[PDB]
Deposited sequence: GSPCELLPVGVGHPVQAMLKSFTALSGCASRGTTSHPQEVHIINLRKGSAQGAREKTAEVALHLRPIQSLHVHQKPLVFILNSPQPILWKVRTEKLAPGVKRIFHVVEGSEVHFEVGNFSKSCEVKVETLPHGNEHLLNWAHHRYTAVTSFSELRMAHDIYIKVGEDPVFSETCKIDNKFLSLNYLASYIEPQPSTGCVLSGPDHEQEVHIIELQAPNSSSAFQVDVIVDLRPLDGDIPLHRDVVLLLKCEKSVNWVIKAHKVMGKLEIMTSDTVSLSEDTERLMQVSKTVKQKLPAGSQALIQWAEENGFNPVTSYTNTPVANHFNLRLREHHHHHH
C-alpha cells in the first residue's frame, strides 16, 4: 500500500545537501611586517551575506587594522558579525557598485565602492597595487555565511600564491540546499519505523550522512521509540543526531553508524549489528515487516543528500 510519489513539505523525512563553497585561495603571514591585514573574498554565482569574523585560535583579542576586499558579480548586502575584535580599530571594506556593509554597531571604519576585476590573479593584483602584502584570498562558488578568522597565522608562507587545492579552516563558507525525494507515508504503539534509501551522498568515499531526529513541534519533547532502516548504494557513515526525543533507537544498516553524545544520552540505542538490507521500496518494506518492525511509518528514496531531517508526529 505504498504509492511512491515525489514527496511534499509534510513528508516526515526532508533531504538536504550541505557543501563547502571554496574554489581556490591562499593565506600568508607576509602582512606581519606591514601596518594592516588584507582579506580578499572573490564570490562566484537583493543578495545578502553574513560575514562572521573572529581571531585565529592563538589570539584572544584582535586589534590589527583590517582591509576587506569583497568582490561579487552582482550587488550584495553584507552583514558583519564580529567576536573578540577590539573596538575603535581602523577596518576598511572595498565593495562593488550596489554592494553595502552593515555592522552590529562610525568608529574608525569606512566602506569604499570600487571597480574590481573578476579574475582571481587580477583581483590579487588590484590589492597588491593598494597594499604591498595580502593576508588571505578566498574564491567561493557562493554562500549564505562566510567565516573568516583574522590574524597572521605562522603556518603560512610569506606570500599569497592562489591554489585551487588550498583549504584553511580560517576561511570557510557553507551552503545548505534542500533536495527532492520520492516516498510514501503508511501510518502506533508509541513507535515509528522510517526507511531511508539514499542513492548517493554527493565520488568522495566513506563520507558522513547526518540523520537529524526531532519532534515536528520542536517546543515539546517526545516519548517515542524509533527504528531507522538506512540504505545507501555507496559506502557512508550514518551520523545520528537526536534532539528532544526519548525512547528506544534501533538502527538497521550494513554501513557504519556514529551516534551523537546527545543521542546516546536521550535514547536507549540497541547495539548496532550490521544488517544486509535489500534494494527498493518493495523489498525494504517487506524486510522491515518480516523482522518485527510493524507498522512501517514511511519510506524515502533520495537521489543525492548528506543530511536528512526526520520529524516525528505530535
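Visitor: No C-alpha coordinates anywhere in a stretch? Then put that deposited-sequence range on the list, in order along the chain.
Guide: According to the deposited record, C-alpha coordinates are absent for 1 to 2, 48 to 56, 117 to 119, 202 to 203, 219 to 220, 333 to 338, which together make up the missing parts.
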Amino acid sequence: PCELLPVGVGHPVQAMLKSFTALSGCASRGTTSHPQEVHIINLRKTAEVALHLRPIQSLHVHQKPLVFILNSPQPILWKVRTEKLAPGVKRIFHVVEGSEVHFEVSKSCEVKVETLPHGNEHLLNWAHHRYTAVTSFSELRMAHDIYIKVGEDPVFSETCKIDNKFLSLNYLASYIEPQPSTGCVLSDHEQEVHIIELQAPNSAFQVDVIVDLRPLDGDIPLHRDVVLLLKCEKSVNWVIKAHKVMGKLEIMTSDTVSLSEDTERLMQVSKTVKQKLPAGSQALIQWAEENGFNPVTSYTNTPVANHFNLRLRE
From here on, numbers count along this sequence of modelled residues.
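Visitor: Please compare 22 to 30 with 272 to 280 and name the stretch with the higher mean C-alpha B-factor in the deposited structure.
Guide: Stretch with the higher mean C-alpha B-factor: 272 to 280.
Visitor: Would you determine, from the values in the PDB entry, which of 32 to 40 and 284 to 292 has the greater average C-alpha temperature factor?
Guide: Here the higher of the two C-alpha B-factor means belongs to 284 to 292.
Visitor: Which listed residue, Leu123, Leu230, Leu140, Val207, has the largest C-alpha temperature factor in the record?
Guide: It is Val207.
Visitor: Looking at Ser72, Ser136, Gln179, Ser187, which has the biggest Cα B factor in the entry?
Guide: Highest CA B-factor of the listed options: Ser187.
Visitor: By the recorded C-alpha temperature factor, relative to the other modelled residues in its chain, which third is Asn170 in?
Guide: For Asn170, whose C-alpha B-factor we compare with every modelled residue in the chain, the answer is the lowest third.
Visitor: Please say which third, lowest, middle or highest, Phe103 falls into when its CA temperature factor is compared across its chain.
Guide: Highest third, going by the recorded CA B-factors of the chain.
Visitor: Once the chain's modelled residues are ordered by C-alpha B factor and cut into thirds, is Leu51 in the lowest, middle or highest one?
Guide: For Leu51, whose C-alpha B-factor we compare with every modelled residue in the chain, the answer is the lowest third.
Visitor: Give the position of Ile251 by CA B-factor within its chain, expressed as the lowest, middle or highest third.
Guide: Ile251: CA B-factor falls in the middle third of its chain.
Visitor: Can you tell me which third, lowest, middle or highest, the CA B-factor of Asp145 falls into for its chain?
Guide: Answer is middle: the recorded C-alpha B-factor places it there.
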